[PDB]
Every structure is written in structure tokens, then in C-alpha cells.
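Peer 1: Here come the first chain(s), positioned as in the complex:
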Amino acid sequence: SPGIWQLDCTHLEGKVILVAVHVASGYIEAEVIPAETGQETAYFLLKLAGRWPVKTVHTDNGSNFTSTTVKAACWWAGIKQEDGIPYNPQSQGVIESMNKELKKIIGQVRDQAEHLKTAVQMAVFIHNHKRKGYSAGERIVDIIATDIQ
């Protein structure tokens, strides 16, 4: 479980927000892209796996699951690509709740920046630092550190 991530794609202002969630911690990374393509998804996964020890990725849909470019990136980066089918049905709802929360945070900061991408990164910051008392950022580090020992 310390190496497990979930991809998630949501839409705002006619653009796409691509999100990777560390399942055990709730920590996220995100980017704005014009549209979800295999190439964009593959590049996003390469960035993620260079930054955190990504063992398994639950892909967000069948097109990315199928994409040869995504498969090439997962091979390159040593990532096991899996489906993201909510076998535990509470998964649909958890992701849905996350997307709603992210968009809410984006709305709270939206006026501080001109570009959506800036507002998205502010929202990533706010989410990962929020005290729930540990934050997601603290949890991911502790989880992986425990795993290393």
C-alpha cells in the first residue's frame, strides 16, 4: 500500500485537471492539461514516479489503461499498471468527494491568480498541508519512511 496511487481526471473551465492520489495518505499531485491523452498521462506518470516510489497505479479509465504510450511509461518507470475499477464501491464516492473538494478549494483561491494552473497548484498546496492531527503530506512521508525501515 505505500506504493499505490490512483489516477483521477476532472474538468473545469473547459480544461482537464489530472490528479494522482496516494491512496493510503490522501496526498495529491495535479496538473492542468488541454485534454486527457495517453501522451499527457504518460508524461504525468513519469514525473510522479521520479518524485515518489510509485509501485502500482490504478488508472482512471480504459483509454489510459489501453494507451501504448501509458504502457511504455509504466514499463520505463517500473510501475504496475492496474485498472481503477471500484471493487470497493466506496471508491466512486471518495473520488467524487475529492473532485468536489478540489474544485471548492480552487474556487476559494481562483481570484488570486490569472491562470487556472496556478490556482490548481495553490489547491494542491492547501490540500496537502491541511490538518485533519496529521496532514496528507505528513502521512505520505511517515508511511513511506516506515516502509523503508
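Peer 2: Ah, there it is. Residues are numbered from 1 along each chain as shown, chains lettered A, B, ... in the order given.
Peer 1: what's the distance between the helix of greatest length in chain A and the middle of its chain?
Peer 2: Of all segments of type helix in chain A, defined using DSSP state H, the longest is helix A:90-109. Distance of helix A:90-109 from the chain centroid (C-alpha atoms, centre = their mean, to the nearest Å) equals 12 Å.
Peer 1: Could you pull up the residues touching the residue nearest the centre of chain A?
Peer 2: The centre of chain A sits closest to residue A:20, judged by C-alpha atoms, centre = their mean, with a distance of 1.1 Å. Going by C-beta atoms under 8 Å, 6 or more residues apart in numbering, residue A:20 touches A:5-8, A:28-30, A:44-45, A:48, A:57. (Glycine included, C-beta is placed from N, CA and C.)
Peer 1: Now the buried members of those residues.
Peer 2: A:5-8, A:28-30, A:44-45, A:48, A:57 (16 or more other C-beta atoms under 10 Å).
Peer 1: Can you lay out those as JSON lines showing secondary structure?
Peer 2: JSON lines is the format used below for the buried ones among the contacts of residue A:20 (DSSP: H, G, I helix; E, B strand; the rest coil):
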{"residue": "A:5", "secondary structure": "strand"}
{"residue": "A:6", "secondary structure": "strand"}
{"residue": "A:7", "secondary structure": "strand"}
{"residue": "A:8", "secondary structure": "strand"}
{"residue": "A:28", "secondary structure": "strand"}
{"residue": "A:29", "secondary structure": "strand"}
{"residue": "A:30", "secondary structure": "strand"}
{"residue": "A:44", "secondary structure": "helix"}
{"residue": "A:45", "secondary structure": "helix"}
{"residue": "A:48", "secondary structure": "helix"}
{"residue": "A:57", "secondary structure": "strand"}
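Peer 1: And the strands in chain A?
Peer 2: Using DSSP state E, the strands of chain A run over A:4-12, A:15-22, A:27-33, A:56-58, A:80-82.
Peer 1: Who does the second one pair with, and is each partner parallel or antiparallel?
Peer 2: For strand A:15-22, the pairing partners within the sheet under DSSP bridges are strand A:4-12 (antiparallel), strand A:27-33 (antiparallel).
Peer 1: next one is chain B, place it on the structure:
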Amino acid sequence: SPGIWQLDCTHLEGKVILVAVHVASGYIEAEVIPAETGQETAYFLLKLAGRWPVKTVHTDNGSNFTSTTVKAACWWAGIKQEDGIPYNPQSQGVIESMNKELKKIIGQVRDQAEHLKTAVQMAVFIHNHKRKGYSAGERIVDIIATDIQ
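Peer 2: Just below you will find chain B, in place on the chains above:
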């Protein structure tokens, strides 16, 4: 020291590679940009600080140190912006050595991808996973986890 990062800017193929180094671990994040502007640097720091607990950044030059946009981002993200003057003169050399090593890794992967940005992210991956035996990725997590506890 767990919160201390150093910015570094290097050039390749007529483009700019912006690098943030976690001083205590040697862990890096990097991006390709057309040119090093305050706005690009500010955005890069926002991304970094949303992902890792950035307390202090040693800026790479006086223009970024002075930039109002960089100062605004450091304020927003709770980052103490400092100079990057090598008071310990081995700093010039360590950064120089890093840039040389990065470019070498980029050269080793360059043919596998068309875009420089992809090759840079492959090099980030290879650097952060390389066993020196701990890797930089392992060191940064351990350092921050120890700090949390």
C-alpha cells in the same frame, strides 16, 4: 536543514532547465522552461512547496531574489527566500558537478524521447533512484520523517 532547498538553473538545447535540490539529501525536482523569468520561477516554487515541506529556498541568482512575483510566491507558500551565495565555497563546485551529472544522464536517455522535457524527467527519475546504499529519494523521506517525529 530538512526544509532547505537550493534553486539551480542550467542550459541545454537553447532551453533552460530549472532545478530544485533538497540540500541534505541530493533529491531533485526539475522542469524545462523557455527562459528563466520571475513568473516561471514563482510557479516552480509553488509546485515544489505543495509537494514537500519547503521552509527555506536559496535562490539561484539576484534577479529571482529580487523578483516581486518570486517574493509573492514565497510569501504565499510560507517560504523564507534567501540568497544562494556560496559562503561555503564548495557550493559552486557541488552545483557545477550536479549540472554536469544531470546533462550526462540526459545524454544517456536523450534518444529514447523526442522532447527534452521528457528526457529531463527521465533524468530526475534516474538521479533520485540511484543507489549511492541509500538513494536520494530514500534519504529525503527519512530526513523529513525523522523531523516529523
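Peer 1: Return the angle between stretch directions for the longest helix of chain A and strand A:4-12.
Peer 2: 50 degrees (axes from the mean of the first three to the mean of the last three C-alpha atoms, to 10 degrees).
Peer 1: quick one: contacts of helix A:90-109?
Peer 2: Here helix A:90-109 makes contact (C-beta atoms under 8 Å, 6 or more residues apart in numbering or on different chains) with A:6, A:8, A:10, A:12, A:17, A:19, A:21, A:28, A:30, A:84, A:86, A:116, A:119-120, A:122-123, A:126-127.
Peer 1: where's residue A:140 relative to residue A:29, distance?
Peer 2: According to C-beta to C-beta, to the nearest Å, residue A:140 and residue A:29 sit 10 Å apart.
Peer 1: Is the closest residue to residue A:74 other than its chain neighbours bridged to anything, and to what?
Peer 2: Spatially, and ignoring its direct neighbours in sequence, residue A:74 is nearest to residue A:81 (4.3 Å; C-beta to C-beta, 6 or more residues apart in numbering or on different chains). Counting by DSSP bridges, residue A:81 is bridged to residue A:57.
Peer 1: can you pull the contacts of residue A:81?
Peer 2: A:56-57, A:59, A:65, A:70-71, A:74.
Peer 1: Around chain B, which positions in chain A sit nearby?
Peer 2: With the criterion set to C-beta under 8 Å from any C-beta of the partner chain, chain A comes near chain B through A:29, A:43, A:46-47, A:49-53, A:76-77, A:112, A:117-118, A:121-122, A:124-125, A:128-129, A:137-138, A:141-142, A:144-146, A:148.
Peer 1: and stretch A:34-46, C-alpha only, in CSV?
Peer 2: Provided in CSV are the C-alpha atoms of stretch A:34-46 (Å, rounded to 0.1, in the frame of the first residue of the first chain):
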residue,chain,number,x,y,z
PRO,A,34,-5.8,20.8,-22.6
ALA,A,35,-7.2,17.3,-22.8
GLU,A,36,-6.5,13.8,-21.4
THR,A,37,-4.4,12.0,-23.9
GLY,A,38,-2.2,9.0,-23.5
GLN,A,39,0.9,11.2,-24.1
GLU,A,40,-0.1,13.7,-21.3
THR,A,41,-1.0,10.9,-18.9
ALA,A,42,2.3,9.1,-19.6
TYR,A,43,4.3,12.2,-19.0
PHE,A,44,2.4,12.9,-15.8
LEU,A,45,3.2,9.4,-14.5
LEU,A,46,6.9,9.7,-15.4
